[PDB]
Each structure stands twice: as C-alpha cells, then as structure tokens.
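# The data below comprise the sequence and an experimental structure of the protein.
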Amino acid sequence: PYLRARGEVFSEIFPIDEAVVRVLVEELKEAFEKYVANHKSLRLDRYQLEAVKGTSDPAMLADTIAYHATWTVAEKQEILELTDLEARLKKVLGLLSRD
Amino acid sequence: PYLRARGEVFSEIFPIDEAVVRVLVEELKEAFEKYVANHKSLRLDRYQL
C-alpha cells in the first residue's frame, strides 16, 4: 500500500459519420424511454431522462444512459473497456434488450 | 528506375442515347444510397453522398 499506476493519454478519438452516431443516440434515447417507463421495478429514476435531453456531446450522452441504466459494476467496466463511440451504444442496447 | 510508357490512342467513350443511361444513373445512385446506409458501426460516412 498504496498502489501506483501509469496510464494512457486522453481518449479523444471518436469515429466519423456523426449522423449515424446521433441517430443511434436517438435510438438509445428511445430504448431508454422504453426501458425506464417499463422498469420502475429496479427502483430506477425519471430525472435520468432530463440528463439526456438538450445535450450535444454523444460521449456524455452515452455515459449518461450507460450509468443511469443501473446494473453491476462489471458490465460498466465492460463498457469502460470499449474505445469506440459506436459499439458502446450497441452494448447498452443489448443489455437493455436483455433486461 | 524509373519507368516511361508510350500510348497509341486515348480510349474513353462518352454517353449516347442518354435515356437508358440516366435510368442506370438513377438506379446506381439510389443503390449506392442503400449501400452507404448499412454501416451503422464501421466506417463510410453518409457525408460522401
């Protein structure tokens, strides 16, 4: 104790074609509306959907929907594995479709 | 190194009877429209149309 760690530089790389990525943002907003309005059962909150509307950062958007769709720490870590903007919404959509 | 090349004629043909030609243009244009819209998560912007 305690542990030191070196780390990589800022991940400032996000893919091209923001039209398809923001359509995927819209579809993730649709799926999260369909999720929380049907899952009040996980003690989920509805001020988590004001935290997605009116913002222009798809990274902040995707992290907002990923954390506020609550699950275990390991799957949020699996989201933290991905460096792509495009497959992270695939991960969130697949988990919410499973639930 | 390095190479030169010599050519007899400049071959290129340019459209005649352009009704069927613009039918094929519209078909390949909307086909390429349908081709680009599939890449949800790989590459290939819709910004190239």
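Received the coordinates, thanks. Numbers count the residues shown, from 1 in each chain, chains lettered A, B, ... in the order given.

# in the longest helix anywhere in chain A, what's buried?
Identified as the longest helix of chain A according to DSSP state H is helix A:18-36. Within helix A:18-36, the residues that count as buried by 16 or more other C-beta atoms under 10 Å in any protein chain shown are A:18, A:20-21, A:24-25, A:28, A:31-32, A:35-36. Every residue, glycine included, has its C-beta placed from N, CA and C.

# Keeping just the C-alphas, turn the helix or strand following it into PDB.
Using DSSP states H and E, the helix or strand that follows helix A:18-36 in sequence is helix A:58-68. Taking Å, rounded to 0.1, in the frame of the first residue of the first chain, the C-alpha atoms of helix A:58-68 are listed here in PDB:
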ATOM      1  CA  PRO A  58     -22.600  11.900 -27.600                       C
ATOM      2  CA  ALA A  59     -19.900  10.700 -25.200                       C
ATOM      3  CA  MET A  60     -21.600  12.400 -22.300                       C
ATOM      4  CA  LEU A  61     -24.900  11.100 -23.700                       C
ATOM      5  CA  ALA A  62     -23.700   7.500 -23.900                       C
ATOM      6  CA  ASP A  63     -22.100   7.600 -20.500                       C
ATOM      7  CA  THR A  64     -25.300   9.100 -19.100                       C
ATOM      8  CA  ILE A  65     -27.500   6.300 -20.500                       C
ATOM      9  CA  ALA A  66     -24.900   3.700 -19.600                       C
ATOM     10  CA  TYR A  67     -24.600   4.600 -15.900                       C
ATOM     11  CA  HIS A  68     -28.300   5.600 -15.300                       C
END
